[PDB]
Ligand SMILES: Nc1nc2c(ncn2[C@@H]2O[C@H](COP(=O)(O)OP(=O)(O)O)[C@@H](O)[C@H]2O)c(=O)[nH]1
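Consider the single chain below, provided in structure tokens and representing the form deposited without guanosine-5'-diphosphate.
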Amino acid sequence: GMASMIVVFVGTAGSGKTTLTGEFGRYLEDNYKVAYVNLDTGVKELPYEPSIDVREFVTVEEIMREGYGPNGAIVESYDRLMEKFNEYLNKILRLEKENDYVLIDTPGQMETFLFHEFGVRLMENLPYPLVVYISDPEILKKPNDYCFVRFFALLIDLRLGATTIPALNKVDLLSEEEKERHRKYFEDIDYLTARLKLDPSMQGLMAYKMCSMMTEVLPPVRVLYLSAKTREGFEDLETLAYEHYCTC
């Protein structure tokens, strides 16, 4: 096709970002032409058929043989990928010319995407990509967690300089009590800050201070609730992907 949208999935190893990428692809493949990009050198298996698969060129496992530990082997795998930076960039630019959606799967170690050259430069060089930042529901246990997760999404937005949508994955595992509780904090402006008042701790009152982002000029975003299992929230995301490539 040619709608030419790129959607970048960001999340820590465990959040189910790779399963989501696949299933969100399948959902789209009814009405669109879709390409998948894997930028992770240490993922074991892919539930989709990749156009680009940086494991073709280098894997964390193989370079651990050379005698690196895994910390070193991960950093080293992305130093070797930079040897092919322009090649991967043009490869992705071309996928985007021949497709309606290019879905990009990033390293399970998101700092390997946030910090290293390869991930940041690739992102400064793609046309207006949208980023979906996936969070595990289990990380959400206290009102601190909510602004934390929300602030992190803001940080990705800088580092990659691309609009970043906060999402919770695996929502099908929520009991509905749980579902109700997470919705409360996220959607309701005030209520969040309200619950951020009862903690009598500086690092807690410190955390209350951070509840800053106000109205307009600094526009809070809509959080997605997603499930690969039930396809919950997929239509929202598709919509978000259209509202973005238009307005922006």
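Between two forms, the rigid core is the largest collection of C-alphas that superpose within 1.5 Å. Residue numbers run from 1 along the displayed sequence.
In what follows, reference is made to the form solved in complex with guanosine-5'-diphosphate, a form of this protein that is not presented.
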| query | Within a 4.5 Å heavy atom cut-off, is residue 11 in contact with guanosine-5'-diphosphate in the bound PDB entry? | reply | yes
| task | Check whether residue 138 has any heavy atom within 4.5 Å of a heavy atom of guanosine-5'-diphosphate in the bound PDB entry, and answer yes or no. | result | no
| said: Under a 4.5 Å heavy atom criterion, is residue 108 part of the interface with guanosine-5'-diphosphate in the bound PDB entry? | reply: yes
| message | Is it the case that residue 169, even though its partner is missing from this view, gets within 4.5 Å of guanosine-5'-diphosphate in the bound PDB entry, heavy atoms only? | response | yes
| request: Just give me the residues of 6-30, first to last, that have a heavy atom within 4.5 Å of guanosine-5'-diphosphate in the bound PDB entry. | output: 11, 12, 13, 14, 15, 16, 17, 18, 19
| query | After superposition on the rigid core, does the Cα atom of residue 31 shift by at least 2 Å between this form and the one not shown? | reply | no
| message | Please check whether, in the bound PDB entry, the CA atoms of residue 242 and residue 216 lie closer or farther apart than here, given a change of 3 Å or more. | response | farther
| said: If the C-alpha spacing of residue 144 and residue 217 moves by 3 Å or more in the bound PDB entry, is that a move closer or farther apart? | reply: closer
